[PDB]
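Chemist: Take this structure, written in structure tokens, and hold onto it; I'll ask about it next.
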RNA sequence: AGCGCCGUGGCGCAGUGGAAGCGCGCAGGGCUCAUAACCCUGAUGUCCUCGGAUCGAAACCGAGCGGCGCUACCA
Ligand SMILES: Nc1nc2c(ncn2[C@@H]2O[C@H](COP(=O)(O)OP(=O)(O)CP(=O)(O)O)[C@@H](O)[C@H]2O)c(=O)[nH]1
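In structure tokens:
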């Protein structure tokens with residue numbers, strides 16, 4: 442299964458969006 | 002107002018420091034989870050595998066914090082020949098209030114027993130769950146014996162797939178298949194490039210990789226998103242490694258053997274030789290317990306050619322002056338770890354790529370070198386690691402007698418010549434001597450497109466041997 | 001990290017043993033009706049940092065600076 446991979450995916454994209462909104 | 006070094010030394014003292022391993026532990030009562038074992042020696046070996054120009058030193062550095070040299074001033078950026086090693090200690094907080102995804106951490110080899118919590122808001126202290134070593138396999142087509150040597154030393158796998166490039170990467174598949182040859186189904190998939198992808202593209206890559214692995218042997222390999230530049234979600238990597246990867250059965254009833262793959266002498270240049278050290282060979286333990294002050298023998302030894310041309314292999318017997326396991330010089334060696342075994346041998350033996358993929362043994366044991374051997378082999382249908390641009394990925398051709406085939410016995414790089422081929426068995430003559438002890442699973446590589454390509458697995462059944470010469 | 005080398009006047013090489021060296025430069029002048037060619041005269045620095053010998057050192061030696069070629073990433 443690959444479902445519990447998307448949770449870390451969303452966590453990491455939240456981290457990136459908090460870090461560098463310029464991109 | 003103390004400086005950084007004083008604060009870190011105070012934490013080191015408060016964290017327990019680095020304990021010294023007692024000389025004579027009660028061996029029959031110790032497990033790889035024991036405090037005496039978990040504090041200074043590696044217990045689980047893990048390797049990083051991926052395509053070329055993807056980054057395996059960077060992800061390992063982010064996980065652990067120990068850099069890989071990637072030496073020779075030209076191999077610094079393209080590819081590496083030797084092993085890129087690093088040490089990681091995986092910790093979990095002892096408090097229940099901490100977040101489980103984030104409580105996991107990894108630290109350098111010089112870390113103390115119990116470092117303080119680096120998460121702002123919790124007064125707990127970390128605990129070393131299990132000790133692991135990380136090895137950097139070279140991901141290029143010209144270097145294939147090194148990857149199989151890594152598979153021999155590896156017990157766990159970390160595949161790396163980038164996003165913006167082609168989703169079905171052939172080198173990643175070839176590494177995965179070669180690891181499956183080594184009977185290793187505990188694999189973890191990682192996505193190297195995540196930041197530059199959009200919301201939909203990451204899921205598209207996830208589905209493409211899911212389609213990539215449906216018919217292969219791998220069943221439950223997790224998929225993990227990580228970035229090598231921001232140094233985040235390394236706790237996820239440690240979590241997945243700890244949860245999914247168990248400790249292979251390895252205890253004291255098995256006979257001591259070691260598999261040496263690297264070579265690093267100790268010779269400080271300019272310093273007077275009166276203050277020196279012997280030659281050190283880098284090898285891993287796959288069975289047996291070793292101690293400081295034993296006698297070892299490299300059985301392939303000095304390979305001399307006589308006037309006729311026959312191979313005289315003189316075993317190199319030597320006394321072990323030091324045993325090193327990833328932090329310090331220790332006494333007793335636990336099965337399943339990388340160690341630089343240092344002896345009184347001449348420094349010429351441990352400078353260059355000479356002890357690459359060979360076996361060594363302690364006294365009271367006589368392994369056998371071989372000249373003609375019988376091997377049972379099988380192939381696959383499609384070639385892996387090749388890029389056929391939309392036209393029928395090439396199928397393996399049947400072996401031909403008197404053809405130079407690179408028969409990598411686990412890690413030993415030997416060039417065999419076929420003397421006979423049948424339905425599923427072959428007979429090979431070896432120029433470079435190769436030892437065989439029990440099973441020593443084998444990989445086979447051939448040459449058609451100017452390079453070395455893996456074709457299938459192999460297992461030794463019989464062979465003509467040469468008893469060592471005194 | 002080991003040693004071989006280098007340390008301009010701007011670039012490239014030499015002299016090392018009596019204190020400012022050349023070709024290339026750059027400025028000014030000369031020949032030419034005119035230009036290049038050719039001929040003159042120059043003003044640019046710690047011949048890498050710090051000491052010993054000596055009337056004398058940049059040179060010889062010594063107690064470290066940055067980069068270069070092999071050895072090699074030397075637990
Ligand atoms: N933007 C980005 N760059 C990465 C990422 N991972 C690695 N890189 C970069 O790839 C480049 C490759 O350098 P390096 O990792 O040292 O080479 P190597 O991985 O050891 C060679 P091989 O893969 O064959 O072992 C590095 O500059 C690294 O920063 C990533 O996830 N994102």
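Protein chains in written order, with our numbering: chain A, 442 to 464; chain B, 2 to 471.
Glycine residues also receive a C-beta, built at the ideal position from the N, C-alpha and C atoms.
With the cut-off set at 8 Å, would you say residue 29 (chain B) and residue 333 (chain B) are in Cβ contact?
Modeler: Going by C-beta atoms, residue 29 (chain B) is not nearer than 8 Å to residue 333 (chain B).
Chemist: Shorter than 7 Å, the distance from the beta carbon of residue 143 (chain B) to the closest heavy atom of ligand 1, or not?
Modeler: False, no ligand heavy atom lies under 7 Å from that Cβ.
Chemist: Run the CB neighbour count on residue 56 (chain B), radius 10 Å, all protein chains shown included, and call it buried at 16 or more, exposed below.
Modeler: Buried is the call here.
Chemist: Does the structure place the stretch 30–41 of chain B close enough to the stretch 10–20 of chain B that three or more beta carbon pairs sit under 8 Å?
Modeler: Touching, per the Cβ criterion.
Chemist: Can you pull the chain A residues whose beta carbon is under 9 Å from the beta carbon of residue 207 (chain B), in chain order?
Modeler: Those are 443, 446, 447 and 450, listed as they occur along chain A.
Chemist: Taking the C-alpha atoms as reference points, what is the distance between residue 467 (chain B) and residue 377 (chain B)?
Modeler: So the alpha carbons of these two residues sit roughly 21 Å apart.
Chemist: Using a Cβ distance threshold of 8 Å, determine whether the stretch 392–399 of chain B contacts the stretch 322–331 of chain B, with at least three qualifying pairs required.
Modeler: Contact fails: fewer than three Cβ-Cβ distances are below 8 Å.
Chemist: Using beta carbons (cut-off 8 Å, strictly below), is residue 196 (chain B) in contact with chain A?
Modeler: Closer than 8 Å to some Cβ of chain A, the Cβ of residue 196 (chain B) qualifies, so yes.
Chemist: Please determine whether the Cβ atom of residue 125 (chain B) lies at a distance below 7 Å from any heavy atom of ligand 1.
Modeler: False, no ligand heavy atom lies under 7 Å from that Cβ.
Chemist: Taking the alpha-carbon of residue 9 (chain B) as reference, which of B:116, B:46, B:276 and B:272 has the nearest alpha-carbon?
Modeler: Residue 9 (chain B) has its Cα closest to that of B:116, out of B:116, B:46, B:276 and B:272.
Chemist: Output the distance between the C-alpha atoms of residue 218 (chain B) and residue 246 (chain B), rounded to the nearest integer angstrom.
Modeler: When rounded, the distance between both Cα atoms is 16 Å.
Chemist: Does chain A have any CB closer than 8 Å to the CB of residue 233 (chain B)?
Modeler: True, the Cβ-Cβ gap to chain A drops below 8 Å.
Chemist: What is the DSSP secondary structure of residue 461 (chain A), counted as helix, strand or coil?
Modeler: In the structure shown, residue 461 (chain A) sits in coil (DSSP, three-state: anything other than H, G, I, E or B).
Chemist: Is residue 46 (chain B) helix, strand or coil when you go by DSSP?
Modeler: In this structure, residue 46 (chain B) counts as strand in the three-state DSSP scheme.
Chemist: Looking at ligand 1, does it come within less than 7 Å of residue 71 (chain B), judged from the CB to the closest heavy atom?
Modeler: Because some heavy atom of ligand 1 lies under 7 Å away, the Cβ of residue 71 (chain B) counts as near it: yes.
Chemist: Beta strand (DSSP E) containing residue 94 (chain B): first to last residue?
Modeler: Taken as a continuous stretch (DSSP letters only), the beta strand (DSSP E) holding residue 94 (chain B) covers 85–94.
Chemist: Between which two residues does the beta strand (DSSP E) containing residue 269 (chain B) stretch?
Modeler: That residue, residue 269 (chain B), is in no beta strand (DSSP E); it is neither H nor E in DSSP.
Chemist: Please state whether DSSP places residue 319 (chain B) in a helix, a strand or coil.
Modeler: DSSP places residue 319 (chain B) in strand when its eight states are reduced to three.
Chemist: Measuring CA to CA, which of B:469, B:95 and B:47 is closest to residue 186 (chain B)?
Modeler: Per the Cα distances, B:47.
Chemist: In terms of residue numbering, what span does the beta strand (DSSP E) encompassing residue 434 (chain B) cover?
Modeler: Residue 434 (chain B) -> beta strand (DSSP E) spans 426–437.
Chemist: Find the residues of chain A that neighbour residue 237 (chain B), judging by a C-beta separation of less than 7 Å, and give them in chain order.
Modeler: Going along chain A in sequence order, the residues near residue 237 (chain B) (Cβ under 7 Å) are 449.
Chemist: Kindly list, in the order they appear in chain A, the residues whose Cβ is closer than 9 Å to that of residue 331 (chain B).
Modeler: Here the premise fails: no neighbours, minimum Cβ distance about 37 Å.
Chemist: Return the residue from the list B:412, B:380, B:451 and B:382 that minimises the CA-CA distance to residue 405 (chain B).
Modeler: It is B:451.
Chemist: Output needed for residue 81 (chain B): all residues of its chain with C-beta closer than 6 Å, excluding positions within five of it in sequence on either side, in chain order.
Modeler: Hits under 6 Å: 71 and 139.
Chemist: Counting only Cβ pairs nearer than 7 Å, list the residues of chain A close to residue 203 (chain B).
Modeler: Neighbours of residue 203 (chain B) on chain A, chain order: 450.
Chemist: Using the Cα positions of residue 385 (chain B) and residue 181 (chain B), report the straight-line distance between them to the nearest angstrom.
Modeler: Cα-Cα distance, rounded: 13 Å.
Chemist: Identify the continuous beta strand (DSSP E) that holds residue 282 (chain B) and give its terminal residues.
Modeler: Taken as a continuous stretch (DSSP letters only), the beta strand (DSSP E) holding residue 282 (chain B) covers 280–288.
Chemist: Between B:454, B:414 and B:241, which has its C-alpha nearest residue 160 (chain B)'s C-alpha?
Modeler: The option with the nearest alpha carbon to residue 160 (chain B) is B:241.
Chemist: If you draw a straight line from the C-alpha of residue 402 (chain B) to the C-alpha of residue 388 (chain B), how long is it?
Modeler: Residue 402 (chain B) and residue 388 (chain B): Cα-Cα distance of roughly 28 Å.
Chemist: Beta carbon of residue 56 (chain B): closer than 7 Å to some heavy atom of ligand 1?
Modeler: It does: the Cβ of residue 56 (chain B) is within 7 Å (strictly closer) of some heavy atom of ligand 1.
Chemist: Out of B:54, B:49, B:51 and B:132, which has the shortest C-alpha to C-alpha gap to residue 43 (chain B)?
Modeler: Taking only the C-alpha atoms, the option nearest residue 43 (chain B) is B:132.
Chemist: Take residue 61 (chain B) as the anchor and find which of B:440, B:106 and B:136 has the nearest alpha-carbon.
Modeler: Among B:440, B:106 and B:136, the Cα nearest to that of residue 61 (chain B) is on B:136.
Chemist: Under the criterion of a Cβ to heavy atom distance below 7 Å, does residue 229 (chain B) qualify as lining ligand 3?
Modeler: Because ligand 3 does not appear in the structure shown, any question about it cannot be addressed here, the ligands present being ligand 1.
Chemist: Give me the chain A residues within the contact set of residue 211 (chain B), using Cβ-Cβ distance strictly less than 8 Å, ordered along the chain.
Modeler: Going along chain A in sequence order, the residues near residue 211 (chain B) (Cβ under 8 Å) are 443.
Chemist: Look up residue 456 (chain A) in the DSSP assignment and say whether it is helix, strand or coil.
Modeler: Three-state DSSP puts residue 456 (chain A) in a helix.
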